[PDB]
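# Structural overview
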Amino acid sequence: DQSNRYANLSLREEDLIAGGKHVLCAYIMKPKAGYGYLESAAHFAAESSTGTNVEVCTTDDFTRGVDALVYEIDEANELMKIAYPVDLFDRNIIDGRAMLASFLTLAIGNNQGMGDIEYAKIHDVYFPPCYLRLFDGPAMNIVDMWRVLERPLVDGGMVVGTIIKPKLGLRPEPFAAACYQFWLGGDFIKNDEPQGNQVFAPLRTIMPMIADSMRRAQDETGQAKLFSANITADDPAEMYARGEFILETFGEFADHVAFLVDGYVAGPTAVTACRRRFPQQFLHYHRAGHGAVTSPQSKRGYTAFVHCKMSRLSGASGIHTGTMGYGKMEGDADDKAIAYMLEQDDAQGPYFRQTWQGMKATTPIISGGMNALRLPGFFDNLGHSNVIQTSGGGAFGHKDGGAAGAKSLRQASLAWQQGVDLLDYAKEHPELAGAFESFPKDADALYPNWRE
Amino acid sequence: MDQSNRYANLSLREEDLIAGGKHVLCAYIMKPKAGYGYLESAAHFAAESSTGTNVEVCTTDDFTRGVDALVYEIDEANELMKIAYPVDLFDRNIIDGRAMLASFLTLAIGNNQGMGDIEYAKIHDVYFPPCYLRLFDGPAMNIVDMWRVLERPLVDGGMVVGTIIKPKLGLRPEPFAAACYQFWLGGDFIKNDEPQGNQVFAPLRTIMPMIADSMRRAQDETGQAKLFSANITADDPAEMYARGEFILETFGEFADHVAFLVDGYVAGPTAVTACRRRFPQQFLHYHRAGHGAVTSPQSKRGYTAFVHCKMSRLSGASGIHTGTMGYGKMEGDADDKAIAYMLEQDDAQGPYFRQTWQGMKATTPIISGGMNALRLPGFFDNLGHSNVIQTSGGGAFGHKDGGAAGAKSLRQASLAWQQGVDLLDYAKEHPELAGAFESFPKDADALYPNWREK
Amino acid sequence: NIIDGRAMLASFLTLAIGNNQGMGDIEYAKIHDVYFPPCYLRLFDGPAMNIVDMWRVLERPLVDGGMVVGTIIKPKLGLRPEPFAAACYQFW
Ligand SMILES: O=C(O)[C@@](O)(COP(=O)(O)O)[C@H](O)[C@H](O)COP(=O)(O)O
Ligand SMILES: O=C(O)[C@@](O)(COP(=O)(O)O)[C@H](O)[C@H](O)COP(=O)(O)O
Ligand SMILES: [Mg+2]
Ligand SMILES: [Mg+2]
């Protein structure tokens, strides 16, 4: 029992916040059978800061000053809050900046394997100014795409995008062909998360072809076109080489290219590798694999809200927030709070209010089983459409091709921005009307009388 | 949309798929959500893990279908799902054509973990065929390199007696270096606790020269080489490189006594590979802090500890924490010994797949987590050998007589097991080991009830 | 740039105020204003930090944070390290 040392329930959360010297974390935790709640929380805090499972002869009074402390519990609700003194976290020797790997190592590291704990999951975290100030933060935003697209730099509207489908299998020539088609009616194309340098579609062969499709589509449409290329790799040198080659290839239009990183499976080190080597390129955070812990089915790790929040510290220009229940992946309408926390200077989490002291915003990237017919309902819940939207099947699954699917996705956006029913808007826009016939199951559910 | 006709081929024989050597096989424990058929859900699973989506797209061609991932076995009653991944699906480096673990994870355990029609899915085993396994870095060093520096036999050299500098955080540079010197008087190996680095109260540039001094002094008085494992984990690879370069420079003539520790689960495979490829001649100490978020048996998602450790060998970890197999404080079971065998043998058996490694270098298990002198004999009885790196933080500095005594007790206990001498009989003629019983009486009572009257 | 396609101020100077400053038939010429259209201005790096970053570190308001009280170490040259560091501490 280490409760006397690592537990101080007499501390008030409002004082700990006002002090600005603690990183607060709200966990949903349940001990194993035969273990008390507070005793378990104190051991949790010990193994997440300075302690072990026994007393050691090397502990001194200074060590006790940086102990993480349990300052609030609710056994009936399985709630536990721990305050981490900021001095616990690692710092770079090259520039003294903070690092996300240290926060994860402590707040959600060895404590996920303790035997006396059934589970524990982070649902919120408060970063004080002196800590948040040390993180890279985003360097670019959807604002940078709006600028290239010559759109309003505030409330510039939805960026009409897609994902090249098939996820894998398209050889270079058909790949660039599909890119050209979508860009005839769309703005943004991203690599599907695993596309890179497969033997049947080498990167050095496909990228010059994608650049040509961009140049052609730009000349025929008179509009700028954006791309997002996957550079994820185990070796940072491979990431750099991919980024360099892609920039030289796209040449004068290199500022039209975002860099995608599978940051959850590759890790924050991959994300920060791209963030610091290519700060002038839009960092597209793809969260493939996050569901292993973020799913509500899981009681361990951290929630999607916390995952996306930490991505703003790492410096993502945009990150996938999910369809918030309107797509094919797990999500809830209340996930709108994730978007607000990423784009605003002041927003509310499940437990903690967070100010960002002017740190740049991260743009929500909405994707996953979406199409023209599903966008109005999704935006009614979010409250605005100033997001990046990518619909793979929603565009190429269009019976009339990707170019019409792109136009249908755009038309769906304007229909919502102006408060016009999608069916009423579909009578004067064949591409949108074709989406209804392309996805009749969705049409029957969202607009029952569409055939008439 | 039922996609079983395309992504499901239950007529394929697993033995043929392994014989062909052209598919990565994965065995999942998967349960669909209510109202979704098992096979149709599994077909969708394979589609979102290879070439497909949730609707038909006009871009699909016959070539695409050729590289589809295929469900070749399902046991609905037992929630089993096996998928075969054509090796051509996975990404390759443009600089050297080598494989990357990030791509395998993106496909085999990426977006499929967020599908709304699946309740959960967890990988329990994976088979890598030769043509794919051959493309991974694999380990460059081993406990054999530690045995060589320690001037011990390079086969069955025995346990490396190690510890973790406790407190986990808070020890300033001077007491830190003092605890290091004391343990090395009786021990072999010291590792940073997983979060120790460049805290403002213990700067790296200040503490590292003191650790090297403690290493030098201990080596001079004991006439034995001493090892240290330094944490270099960071978000920025430039920081990782800077730390490694400074540490190697500081240790100078004893730079080969230093291992580099990387918190590979939270920092990711990119941090592990960054160290593996920049410092291939320094022992790579993979620390898995955070892994329990998926590997815990309580979790039905992600991958098991067995799968996590097996992949660490592909990334090139010289050693990784396999857990205490139920004999320590962390979660584990005695059957986790299969993890060690899969890491250190050229031919081992997994829960579903037998794996040969074609001479790829072994990864050494690291045993840690609430261990001490009393708990080691039972753990090695279950493993069958003591060729591991053992670190006991509380087991060493929790000794009533200090860290030095704790180190001797750990070594003495290991020798006791290696020569088949009961621990209590060994304590009769080794005071340091005897003190370990009094230091941890709750453990002495359980594992050696009659320790007091003897 | 061939490495990233960005603009370079050097090219602007070379053309707008380069060889034209040595012509024999011109007594003098001096730029008093210049307009950069969006498609050109958008290709420049632009500032990455501001006084806002200074206000943040000083824990001041990020809008209308006020004057940053500063000095230049004098003598311009000749202060050895010890007195130089002593002058720094005094002003801070
Ligand atoms: O492969 C996919 O599954 C997607 O392209 C959606 O496909 P479609 O749009 O083509 O149907 C998105 O990447 C995922 O939704 C990513 O997950 P999240 O948004 O949840 O990060
Ligand atoms: O912080 C800790 O808990 C440890 O230093 C153990 O300290 P003690 O020896 O004092 O218990 C190790 O990191 C864990 O053993 C890692 O767990 P695993 O090896 O299972 O990944
Ligand atoms: Mg995708
Ligand atoms: Mg540790």
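Residues numbered from 1 in each chain as written, not as in the entry; some residues may be left out. Chains lettered and ligands numbered in written order. Part of a larger assembly, values for the part shown. Heavy atoms only, no water.

In the PDB header, X-ray crystallography is given as the technique by which the entry was determined, and 1.96 Å as its resolution.

All right, on to the UniProt feature "binding site: Mg(2+)" (unreviewed entry) in chain A then. Feature annotation in UniProt places "binding site: Mg(2+)" (unreviewed entry) on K190, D192 and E193 of chain A, given in this structure's numbering. Classification of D192 of chain A by relative accessible area gives buried; the value is 1%. Residue contacts for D192 of chain A: discarding those within four places in its chain leaves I163, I164, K165 and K167 of chain A. Topologically, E193 of chain A is positioned in the loop between β6 (188-190) and α9 (203-221). Ignoring any residue separated from it by four or fewer positions in sequence, one finds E193 of chain A in contact with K167, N230, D262, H286 and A288 of chain A together with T106 and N111 of chain B. (UniProt positions renumbered as here; feature names shortened; annotations may be inferred. Buried < 20%, exposed > 50% of the residue type's maximum accessible area, 1.4 Å probe, protein only. Contact = heavy atoms within 4.5 Å. Helix = DSSP H or I, 4+ residues; strand = E, 2+ residues; numbered from the N terminus.)

All names here are of chain B. Taken together, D193 (OD) and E194 (OE) make up the protein donors of the magnesium ion (ligand 4), found 2.0 to 2.1 Å from the metal. The class for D193 is buried, based on a relative accessible area of 2%. A residue is classified by how much of its surface remains accessible, and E194, at 2% relative accessible area, is buried. (Donors = N, O, S within 2.8 Å, 3.2 Å for Na, K, Ca; no water.)

Among the 19 residues in the neighbourhood of ligand 1, the closest are listed as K165, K167, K328, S367 and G368 of chain A. Those chains with residues close to ligand 1 are chains A and B. Within the side chain of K165 of chain A, one N or O atom sits 3.1 Å away from an oxygen atom of ligand 1. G369 of chain A places a polar main-chain atom, nitrogen or oxygen, 3.2 Å from an oxygen atom of ligand 1. In the complex, the protein chains occlude 99% of the 480 Å² of accessible area that ligand 1 would expose alone. By residue class, the composition of the shell around ligand 1 is two nonpolar, ten polar and seven charged. (Near = heavy atom within 4 Å. Polar contact = N/O pair within 3.5 Å; in protein donor to acceptor, adjacent residues only side chain to side chain. Areas by Shrake-Rupley, 256 points an atom, 1.4 Å probe, with all protein chains shown as cover. Nonpolar A, V, L, I, M, F, W, Y, C, P; charged D, E, K, R; others polar.)

With that out of the way, let us pick up the interface of chain B and chain A. Every contact between the two is made by 102 residues of chain B and, on the other side, 102 residues of chain A. Buried area between chain B and chain A, both sides added, is near 8400 Å², and the carbon and sulfur share of it is 57%. Where chain B packs against chain A, one counts 51 residue pairs in polar contact. Classifying every residue of the side of chain B that touches chain A by side-chain character gives 43 nonpolar, 36 polar and 23 charged. (Buried area = accessible area lost by both parts, 1.4 Å probe.)

Residues and elements named next belong to chain B. With eight of ten residues buried, strand β4 (residues 118-127) is to be regarded as a mostly interior element. Here strand β1 (residues 23-32) runs beside β4; their pairing, made up of eight bridges, is antiparallel. Looking at the pairing, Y28 lines up with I123 of β4. Judged from the two bridges that link them, β4 and strand β10 (residues 302-303) form a sheet pairing that is parallel. Looking at β10, one finds that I123 is bridged to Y303. (Pairing = 2+ DSSP bridges.)

Note that the residue after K165 of chain A, namely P166 of chain A, is joined by a cis bond; omega there is -5 degrees. Structurally, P166 of chain A is set in the loop between β5 (159-163) and α8 (172-183). Following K166 of chain B, the chain continues to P167 of chain B via a peptide bond in cis, the omega torsion being -5 degrees. Residues other than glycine seldom take positive phi values, yet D155 of chain A does so here, at roughly 60 degrees. Relative to the helices and strands, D155 of chain A is located in the loop between α7 (142-148) and β5. Non-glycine residue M324 of chain A carries a positive phi angle of around 55 degrees. Tracing the backbone through its elements, the reader meets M324 of chain A in the loop between β11 (318-320) and α15 (336-343).

Every one of the 20 residues lining ligand 2 counts as a neighbour, but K168, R288, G370, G393 and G394 of chain B are closest to it. Neighbouring residues of ligand 2 are not confined to one chain but are distributed across chains A and B. For the shell around ligand 2, the residue count by class is two nonpolar, eleven polar and seven charged.

Residues and elements named next belong to chain B. Look at helix α9 (residues 204-222) against helix α10 (residues 237-251): their axes get within 9 Å of each other, and the N-to-C directions meet at 35 degrees. Where α9 crosses over α10, the handedness of that crossing is right-handed. Seen from α9, the contacting residues are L204, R205, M208, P209, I211, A212 and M215; seen from α10, they are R243, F246, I247, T250 and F251. Taken together, the residues of the contact of α9 with α10 break down into nine nonpolar, one polar and two charged. (Axes fitted to C-alpha atoms, helices over the stretch in contact; angles between N-to-C directions. Left-handed = near helix turned anticlockwise from the far one by under 90°.)

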